[PDB]
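The chain below stands alone and is given in structure tokens; this is the form solved without the ligand.
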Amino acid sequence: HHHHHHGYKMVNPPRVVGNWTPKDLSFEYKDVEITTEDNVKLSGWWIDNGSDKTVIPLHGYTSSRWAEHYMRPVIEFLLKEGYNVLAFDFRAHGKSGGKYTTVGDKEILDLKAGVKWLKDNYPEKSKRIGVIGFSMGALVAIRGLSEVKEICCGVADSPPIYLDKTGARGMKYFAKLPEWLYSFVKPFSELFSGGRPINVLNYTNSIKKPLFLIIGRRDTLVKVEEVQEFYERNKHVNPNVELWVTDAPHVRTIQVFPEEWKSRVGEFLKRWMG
């Protein structure tokens, strides 16, 4: 019977909020509020770097824009590279509204809302928009690259590909619960959150924009072979999809190999951000 409460808690996770701000990176910023199509109010930072290009970094499940080992470094990196940055918390994370997360489904509305906000309020600073996502954020980045015409390129670090397999592996990673418990709790999580299945490999047919896939060999959530499958399929229609296989755990390439990560992603963004 405790499956019910597990299912609820996994789509209504506790909030994680850090203490640092872009001022600590030496940049002025604005605290902003972004409203989605389905009326969720998101919390974020708008960091004007005087560019006509903006990059949107997207965080993982149970995390937030503050994540010390990947979000703080990627925001610091983007600002050093000279991009404007819009960094928001996904629904039900950090300081954002929304009771439930759907770990990649309705979160496309969060990204679409951020893109609309840029175009509505700062069009001159968002003539080009790139996305960089980690984990759940990497899935949303892939979906956004396909569905949102205003996004010109994307980086997907450790993207879930087989979502139920990754979901099951996630029981241990996020909650220290057994993998076998996933099939019992998932129907409750679905019921509470309204989250619907996503055919990720379908996006291998629709993405024709530059896409940089990163996957680590020690990732316990996503197999190299799963991301390799996405890559090989997409390369049939996309000459500019790339795959970088690293020796790191889940979303920790930027932590373990910071110089390598920033070098490869920096050059990718320079090539495709206009």
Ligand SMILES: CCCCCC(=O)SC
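For the two forms, the rigid core is made up of the largest set of C-alpha atoms that agree within 1.5 Å on superposition. The first residue of the sequence shown is number 1, and the count goes up from there.
This next part talks about the form deposited with the ligand bound, which is not shown.
Visitor: Counting only non-hydrogen atoms, which stretch in 224-232, 59-67, 33-41, 240-248 is within 4.5 Å of the ligand in the entry with it bound?
Guide: Stretch 59-67 is the one.
Visitor: In the entry with it bound, which residues of 114-129 put a heavy atom within 4.5 Å of the ligand?
Guide: Sequence-ordered list is empty.
Visitor: Pick out the one residue among 81, 147, 179, 105 whose C-alpha shifts by 2 Å or more between this form and the one not shown, once the rigid core is superposed.
Guide: The residue that shifts is 179.
Visitor: Relative to the superposed rigid core, does the CA atom of residue 94 travel 2 Å or more between this form and the one not shown?
Guide: No, the C-alpha moves less than 2 Å.
Visitor: Closer or farther: the CA pair residue 92/residue 184 in the entry with it bound, versus this form, with a change of 3 Å or more?
Guide: Closer, not farther.
Visitor: If the C-alpha spacing of residue 64 and residue 184 moves by 3 Å or more in the entry with it bound, is that a move closer or farther apart?
Guide: Closer together, by at least 3 Å.
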